[PDB]
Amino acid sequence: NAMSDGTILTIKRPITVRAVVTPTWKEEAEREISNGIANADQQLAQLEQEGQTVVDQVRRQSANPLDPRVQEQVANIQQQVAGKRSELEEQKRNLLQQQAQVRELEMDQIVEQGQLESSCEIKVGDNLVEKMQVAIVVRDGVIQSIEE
């Protein structure tokens, strides 16, 4: 059983933030990306040191270097390290691509730049999908326009 078609519901929806390419914006962009690259690299280096040390502890369990209980733990360590490395190595990949993408941008171009939680009203006949598709255009922090 139904309610009135007069019924107006308020739902939650994302808003897309697009940025106008300005010089101020490009710096901020690159500086962020760059720190991400660097932070990743640094973690990868720490992961490898952490890996080696933990392996050295486990070895000090058996006088026998061929002991199977030990050897399996090591394999697990390394399997854990490898898969973790592999993951960071992929974040870094994305960041580098973003870096090139950013650097290769011209002034007054318009770029995606994340989402904001928003809300809005819907009623019978409304298009729910188009409601989820509002974007705003920012230029150096100022709302240039609303897009639908």
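Residue numbers here begin at 1 and follow the sequence given.
Novice: Tell me which stretch has the larger mean Cα B-factor in this entry, 53-61 or 92-100.
Specialist: If you average the C-alpha B-factors of 53-61 and of 92-100, the larger mean comes out for 53-61.
Novice: Mean C-alpha B factor from the entry: is it higher for 43-51 or for 105-113?
Specialist: Comparing 43-51 with 105-113, the higher mean C-alpha B-factor belongs to 43-51.
Novice: Going by the CA temperature factor in the entry, name the top one among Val142, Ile8, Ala2, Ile146.
Specialist: Within the set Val142, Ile8, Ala2, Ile146, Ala2 shows the top C-alpha B-factor.
Novice: So among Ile37, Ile122, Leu66, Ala82, who wins on Cα B-factor in the entry?
Specialist: Comparing C-alpha B-factors across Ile37, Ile122, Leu66, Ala82, the maximum falls on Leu66.
Novice: Just say lowest, middle or highest third for the CA B-factor of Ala29 relative to the other modelled residues in its chain.
Specialist: Its C-alpha B-factor belongs to the middle third of this chain's values.
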